[PDB]
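Quick setup: one chain, the form solved without the RNA, written in structure tokens, and binding and motion questions come after.
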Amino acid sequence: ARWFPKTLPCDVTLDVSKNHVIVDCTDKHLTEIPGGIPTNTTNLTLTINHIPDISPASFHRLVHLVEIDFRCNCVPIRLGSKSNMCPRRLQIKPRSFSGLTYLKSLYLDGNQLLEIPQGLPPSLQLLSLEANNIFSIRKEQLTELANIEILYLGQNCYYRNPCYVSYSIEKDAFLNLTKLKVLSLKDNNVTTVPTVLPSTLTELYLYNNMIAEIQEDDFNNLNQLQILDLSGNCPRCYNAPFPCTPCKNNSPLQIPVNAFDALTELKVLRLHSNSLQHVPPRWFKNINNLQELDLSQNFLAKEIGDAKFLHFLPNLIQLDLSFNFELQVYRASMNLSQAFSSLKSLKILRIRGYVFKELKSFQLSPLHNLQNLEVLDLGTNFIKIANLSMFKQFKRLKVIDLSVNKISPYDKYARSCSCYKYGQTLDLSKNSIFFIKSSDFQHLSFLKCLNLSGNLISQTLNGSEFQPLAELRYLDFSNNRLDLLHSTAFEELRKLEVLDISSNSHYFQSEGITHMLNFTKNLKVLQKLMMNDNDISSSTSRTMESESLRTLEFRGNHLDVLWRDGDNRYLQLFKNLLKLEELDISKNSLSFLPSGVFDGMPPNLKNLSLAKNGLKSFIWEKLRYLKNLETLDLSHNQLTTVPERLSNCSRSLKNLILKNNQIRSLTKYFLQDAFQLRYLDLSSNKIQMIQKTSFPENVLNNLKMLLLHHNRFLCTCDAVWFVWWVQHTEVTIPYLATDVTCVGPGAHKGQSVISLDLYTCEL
């Protein structure tokens, strides 16, 4: 099959059409790069490791490298886990990258460098030096980057990685970079923008810095700029969960009126957390193609009432005005200006953090004509009175956020080391609704969704609550207190397809009261039912019936009491679910499955999940009754013995999952004649040996995935074929060189099975 044993502990991906040989050593804890790298490699990745340094002998016989990822080998003091500490910082000998004539990208983030390395090839187009200790920019060290295009010099001096010195950039340091397009100086303690910047810049990220004043001759040459991020300069420090230094006298970022003049191709402008109080319309005079405008965490509560600058943004797509409230000011209503009607191309409008008392109908009148408006975020506003019927005008919308408000009837780009698909959505989750009336949801027949998660509604539904919701296809009733006393629950939701009544264990924990689990009989088009984490311990109805239910999640419940010894009542609980194909009966404290319960299983079942249950002895001969089962899931269980013969067990099972099990040895005809298998998991086990008579190539040649890591393989001369099978077969085994180790014998401890060579076996 294979006579080329490659002991490389890194993943290899081949793309002949793209000429890409990707070697991936992510999270491999290597101290030195492995020997024998194929010379056709193009992409090279080395994440968090323990590699001390780099020498020119590292990339000596690799010229075709086009991407080198050396990110975060020695993470700084506060940016990563302190379980992997380097003795010192990273050092690079001179001319360590000059031999890479085809290099085009380099990632050196989080390695505690003092200055920019020298000797880089002129073909380099990307260079990222984030999370380093480079707080000084000069021209002589940038002369070699005359052909760079993307430069990430961010996260160099701030509270996570301090340097105690303001960012020093000499005059015209980036001027001679005629090919530079992206420049990110985020979290660098920058005092002034490094003028002059190259005129070919397209993305400028100067956010989360200490820039206090902007000059009129700052962006005077940037005519091709498209993204300008000045967020966090003079930030809003009140109740900030991060160390922030505000400006003196609580002054905002001093931006002149004639500042965004040369910016003509600007499409994204984020001024989030700048302590701004006024937004002059002169800023938006020359930027005609502005699409995204972030103005969050400011003091624009009085500006939103006027909002004159909105008259200069006819092509605005997004508008973030979150958390603009005043201190000790509880407003009675939201004061949206009429100029909001000038945003013709507006799609998303998030006005969170604008806390007020009552949301009336005519308060959203400027938004009554935005034909392109889809999302309307109004969460975290602590609204008290809000008649939902007023939303009968926003039918063309897609998301109506009515979040944690109490209606009643820093660096988000940190690259560290639902209902929107069904239609109209009313997200009333985490509100102060404690009972459901039919008149409250009136004039809301167009709703395809209704999220009532976390409202803590204690109500006995008899089939008269969600009456106006005729077109409802998804109802989220999680984190409440549902009382299933009548089988007529959710009977008026004719077009209901998905029902989530999870986390309603309050009334289900009680013993003796009626629990009609046959409430799905009146649901004719119900496709998915999520009732997990409900602690369902009893049920008056004996069976569950449905003409269309295909998915059922019954995890975190008590089937161990329903299938108790001698209690033959609830054995056929899911037998009448004809169209059921996806069962998720897991975490149900099931210590054993009583013989006969599989006879009360849906005949069309395909997906069975029995994870985190506690099965002490799961029988296998009863799987013949499930002639359509394909994805049996027995992960995180306490099984002891694997089946006798998988061929006699099932004819359609192909996705056996036995993760985190307790198995000490496989059988000797396990995979005999089980050709239909295509997926097997045996991770985190206690097995000792696996022979050949149970693993022939007729069955191994078709398996797509096979996980045999984190176990107790004893690598002695007892399973020599396994050796000849582990390093000479192309079956996909992930983590085959670092996680699956050898616990013995003696000097053979911790050895990888891929590099096994016992010459003293057949001398």
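Start at 1 and count along the sequence shown; that's the residue number.
Enquirer: Is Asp187 without coordinates in at least a third of the other compared PDB entries of this protein that model the residues flanking it?
Expert: Residue status for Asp187: no gap in any other entry.
Enquirer: Establish whether the other compared PDB entries of this protein leave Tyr410 unmodelled at least a third of the time.
Expert: Residue status for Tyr410: gap in at least one third of the other entries.
Enquirer: In terms of residues present in the deposited sequence but not modelled, what lies between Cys417 and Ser418: none, 1 to 3, 4 to 9, or 10 or more?
Expert: Gap size class: 10 or more residues without coordinates, per the record.
Enquirer: I want to verify a possible break: how many residues of the deposited sequence sit between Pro243 and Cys244 without any coordinates (none, 1 to 3, 4 to 9, 10 or more)?
Expert: Count of unmodelled residues in between: none.
We do not show the form deposited with the RNA bound, though everything after this point is about it.
Enquirer: Let me know the one among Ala332, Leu456, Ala414, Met689 whose heavy atoms come within 4.5 Å of the RNA in the entry with it bound, would you?
Expert: Filtering the options by heavy-atom distance leaves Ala414.
Enquirer: Pick from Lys392, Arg569, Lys528, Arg564: which residue has any heavy atom within 4.5 angstroms of the RNA in the entry with it bound?
Expert: If I apply the 4.5 Å criterion carefully, the residue I get is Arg564.
Enquirer: Under a 4.5 Å heavy atom criterion, is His50 part of the interface with the RNA in the entry with it bound?
Expert: Close contact exists here: in the entry with it bound, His50 approaches the RNA to within 4.5 Å, heavy atoms only.
Enquirer: Taking the shortest heavy atom distance, is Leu79 within 4.5 Å of the RNA in the entry with it bound?
Expert: Yes, contact at 4.5 Å.
Enquirer: Quick one: is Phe135 in contact with the RNA in the entry with it bound, heavy atoms, 4.5 Å cut-off?
Expert: The answer is no: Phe135 has no heavy atom within 4.5 Å of the RNA.
Enquirer: With a 4.5 Å heavy atom cut-off, would you call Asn84 a contact of the RNA in the entry with it bound?
Expert: So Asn84 counts as contacting the RNA.
Enquirer: Of the listed stretches (383-391, 250-258, 125-133, 491-499), which one has a non-hydrogen atom within 4.5 Å of the RNA in the entry with it bound?
Expert: Every other range fails; the passing one is 125-133.
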